[PDB]
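**Q** This is the structure I have questions about; it appears just below.
Read-outs throughout are calculated quantities, based only on the coordinates presented, and are distinct from any laboratory measurement. Quick reminder, even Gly has a Cβ in these numbers, built from the backbone with ideal geometry, and neighbours come from all protein chains shown.
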Amino acid sequence: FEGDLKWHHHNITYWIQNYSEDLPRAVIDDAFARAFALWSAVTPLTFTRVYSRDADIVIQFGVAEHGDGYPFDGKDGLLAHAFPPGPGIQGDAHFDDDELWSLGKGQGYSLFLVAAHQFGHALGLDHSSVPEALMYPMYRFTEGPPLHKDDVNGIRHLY
Ligand SMILES: O=C(O)[C@@H](Cc1c[nH]c2ccccc12)NS(=O)(=O)c1ccc(-c2ccc(I)cc2)cc1
Ligand SMILES: [Ca+2]
Ligand SMILES: [Ca+2]
Ligand SMILES: [Ca+2]
Ligand SMILES: [Ca+2]
Ligand SMILES: [Cl-]
Ligand SMILES: [Cl-]
Ligand SMILES: [Cl-]
Ligand SMILES: [Cl-]
Ligand SMILES: [Zn+2]
Ligand SMILES: [Zn+2]
């Protein structure tokens, strides 16, 4: 899931294909919108929700085998993955619905934080070595702005 390509356009589109059973559709839509807003806040990139497969980033929740050659392992383990910039499945973000999706403090994984992380991958970003960075390879819930100086620098170095 490591690429070397970047999007050749800044007006990125995304489509929420389906939803998780853990949260209301309104909460889901809002969580993704806010996740994208983190990246558009520090770059000339924009994110527009669409309802077509022609979208750059197709978002979907799946369980076990879901099309690609990387099935989800169910509870825990892989939480989700996003393919780097490119056509087709590239740029798409998949979330393991066998995981408990929630927000803020408490049990379950924050869909907001995991999505922001995945969108980083969808934009071409690789894992960061900075523990406090959103692109850190390890999930850990914390309060405060998700983007660390390292995340901002990385994304701006691309766009
Ligand atoms: O890192 C990921 O995107 C996925 C997929 C993956 C597995 N190995 C690699 C290697 C390189 C890129 C992606 C992946 N691994 S994951 O275990 O599902 C995972 C996803 C997100 C996060 C994460 C979310 C939010 C914060 I803040 C920090 C890490 C940690 C671990
Ligand atoms: Ca902006
Ligand atoms: Ca795509
Ligand atoms: Ca899993
Ligand atoms: Ca779930
Ligand atoms: Cl659905
Ligand atoms: Cl927010
Ligand atoms: Cl959160
Ligand atoms: Cl932020
Ligand atoms: Zn997948
Ligand atoms: Zn990652």
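**Q** What value, in deg cm²/dmol to 500, does the helix sum -39500 (n - 2.57) over DSSP H runs of n ≥ 4 give at 222 nm once divided by the residues of the chain?
**A** After summing the helix terms and dividing by residue count, I get -7500 deg cm²/dmol.
**Q** If I model a spin label as a point 7 Å beyond the Cα along the Cα-Cβ vector, how far apart are those points for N18 and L78 in nm?
**A** 1.6
**Q** Sort 139-147, 50-58, 115-123, 94-102 for me by packing, meaning the mean count of neighbouring Cβ atoms within 10 Å per residue, highest on top.
**A** Highest mean packing first, the order is 115-123, 94-102, 50-58, 139-147.
**Q** Taking a label point 7 Å from the Cα of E65 along the Cα→Cβ vector, which residues of the range 1-24 have an amide N closer than 15 Å to it?
**A** Under cut-off, by backbone N: nothing.
**Q** I would also like to ask the following. In the chain, what is the volume of the convex hull around the alpha carbon atoms, normalised per residue and reported in Å³?
**A** Dividing the Cα hull volume of the chain by its residue count gives 108 Å³.
**Q** Next question, about the same structure. Indicate the helices, whole DSSP H runs only, in the chain that combine a mean Kyte-Doolittle hydropathy of 0.0 or more with a Cα extent along their long axis of 20 angstrom or more.
**A** Span-like helices, by this rule, are 25-40.
**Q** Cα centroids of the range 39-92 and the range 120-150: how far apart, whole angstrom?
**A** Using only Cα atoms to place each centre, the spacing works out to 17 Å.
**Q** Right, another one. Take every DSSP beta bridge whose two residues both sit in the range 1-155, then give the antiparallel share in percent to the nearest 5.
**A** Just about 20 percent of them are antiparallel.
**Q** Related question: What is the range 116-159's relative contact order, in percent, from Cα pairs under 8 angstrom and six or more apart in sequence?
**A** Once divided by the residue count of the range 116-159, the mean separation gives 36 percent.
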